[PDB]
Amino acid sequence: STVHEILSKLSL
Amino acid sequence: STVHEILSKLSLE
Amino acid sequence: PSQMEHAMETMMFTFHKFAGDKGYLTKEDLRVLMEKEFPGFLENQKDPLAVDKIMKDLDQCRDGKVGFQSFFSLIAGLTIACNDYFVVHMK
Amino acid sequence: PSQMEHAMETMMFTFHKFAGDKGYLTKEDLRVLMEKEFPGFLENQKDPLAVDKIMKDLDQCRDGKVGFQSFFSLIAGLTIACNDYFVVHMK
Amino acid sequence: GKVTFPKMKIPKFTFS
């Protein structure tokens, strides 16, 4: 659940 | 548990 | 089995799930795979061509095929960026 | 979250659990980490300096510290060898 | 059955 959070605040 | 099995059959180098 | 072993098996099983007996991923396999496993990641990129940006530098050779090791470099890149984020902030 | 997100997180958290607050691994941490996470793997290396030899491969900057990216390189090497064996004998 | 440690070859993502 913390990985999922971070993945959505992240870009190429 | 398949990874666990495979690991015990591996070695270095 | 340890937690790491389960993690490793999961990555290994996820690759084969979306690559099939062909034993590799095409752009489309990759795109489905990202859609099923990393949906919030894709939606946060407002670009209908993220899978294309990503496919591009996985496919160093331009054969449209992405094998397991290359697949692992994708997961590696994400997890690394998450960790960096995590270190700067969440603790 | 997805199967992949779960697996990724356990990889992230495993690092930090053994790296502690200093945020990196010493050869001691690495050795403990593989003892707990891949005991069947160590128990099959005839070599007694095998951890030391993995440390040498990981420690590119020769500063005795192993960071997350190096850690992931380890897991990479392990997971890719598993998958190789998997394809050959098991799939 | 041999294990080598890959020096990748990692795609990068940002912020943060």
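Below, read A as the first sequence line, B as the second, and so on, with proteins coming before strands; counting in each chain starts at 1. All values below were derived from every heavy atom in this structure, side-chain atoms included, with hydrogens, water molecules and symmetry-related copies excluded.
Each of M11(D), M4(D), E9(D) was evaluated against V3(A); a single residue qualifies, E9(D), per the side-chain contact (heavy atoms from CB on, under 4.5 Å) test.
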Practice item. Check the pair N83(D), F72(C) against side-chain contact (heavy atoms from CB on, under 4.5 Å), reporting the backbone distance first and the verdict last. Key: CA-CA 11 Å; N83(D) 176 73; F72(C) 205 84; over 6 Å; no
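Among pairs with a residue in residues 59-69 of chain D, none fulfils salt bridge (charged side-chain N to carboxylate O under 4.0 Å, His left out), at least two apart in sequence or across chains. Applying the ring pair (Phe, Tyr, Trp, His ring centres under 6.0 Å) test to pairs two or more places apart or on separate chains, none has a residue in residues 22-53 of chain D. Residue pairs satisfying the salt bridge (charged side-chain N to carboxylate O under 4.0 Å, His left out) criterion with at least one member in residues 79-91 of chain C, sequence neighbours excluded, are listed as follows: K91(C)-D21(D). Among residue pairs with one or both ends in residues 22-33 of chain D, those qualifying as salt bridge (charged side-chain N to carboxylate O under 4.0 Å, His left out) are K22(D)-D29(D), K27(D)-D52(D), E28(D)-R31(D); sequence neighbours excluded. Listed by first then second residue, pairs satisfying salt bridge (charged side-chain N to carboxylate O under 4.0 Å, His left out) with a partner in residues 68-83 of chain C number zero, not counting sequence neighbours.
Heavy atoms only, all atoms of each residue included: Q45(D) and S11(B) are closest at OE1-CA, 3.2 Å. Minimum interatomic distance between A50(D) and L12(B) (heavy atoms only, all atoms of both residues): CB-CD1, 3.6 Å. Nearest heavy-atom pair across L10(B) and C82(D) is CD1-N, 3.8 Å. For the residue pair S73(D) and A76(D), the shortest heavy atom distance occurs at O-CB, 3.2 Å. The minimum heavy-atom distance between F18(C) and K36(C), with the atom names listed, is CZ-CB, 3.7 Å.
Annotation: side-chain hydrogen bond (donor to acceptor under 3.5 Å, both in side chains) contacts of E13(B) (sequence neighbours excluded): none. Listed by chain and residue number, nothing satisfies the side-chain hydrogen bond (donor to acceptor under 3.5 Å, both in side chains) test with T4(E) (two or more places apart in sequence, or in another chain). For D47(D), the side-chain hydrogen bond (donor to acceptor under 3.5 Å, both in side chains) partners at least two apart in sequence or on another chain are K53(D). Every residue meeting the side-chain contact (heavy atoms from CB on, under 4.5 Å) condition with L74(C), not counting sequence neighbours, appears here in chain and number order: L30(C), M34(C), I54(C), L58(C), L78(C), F13(E). Remark: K56(D) engages no residue in a side-chain contact (heavy atoms from CB on, under 4.5 Å) (not counting sequence neighbours). For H6(C), there are no side-chain hydrogen bond (donor to acceptor under 3.5 Å, both in side chains) partners, not counting sequence neighbours.
Below 30°, between 30° and 60°, or above 60°: for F13(C) and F86(D) the angle between ring planes is between 30° and 60°, a tilted geometry.
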Indicate every side-chain donor-acceptor pair of residues 4-11 of chain A with a distance under 3.5 Å to a residue at least two apart or in another chain.
residue	atom	partner	partner atom	Å
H4(A)	ND1	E5(D)	OE1	3.1
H4(A)	ND1	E5(D)	OE2	2.5
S8(A)	OG	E5(A)	O	2.7
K9(A)	NZ	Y85(C)	OH	3.1

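Contact of the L33(C) side chain with the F71(C) side chain is registered, since non-hydrogen atoms from C-beta on lie closer than 4.5 Å. For the pair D57(D)/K7(E), no side-chain contact is recorded, criterion being any heavy-atom separation below 4.5 Å from C-beta on.
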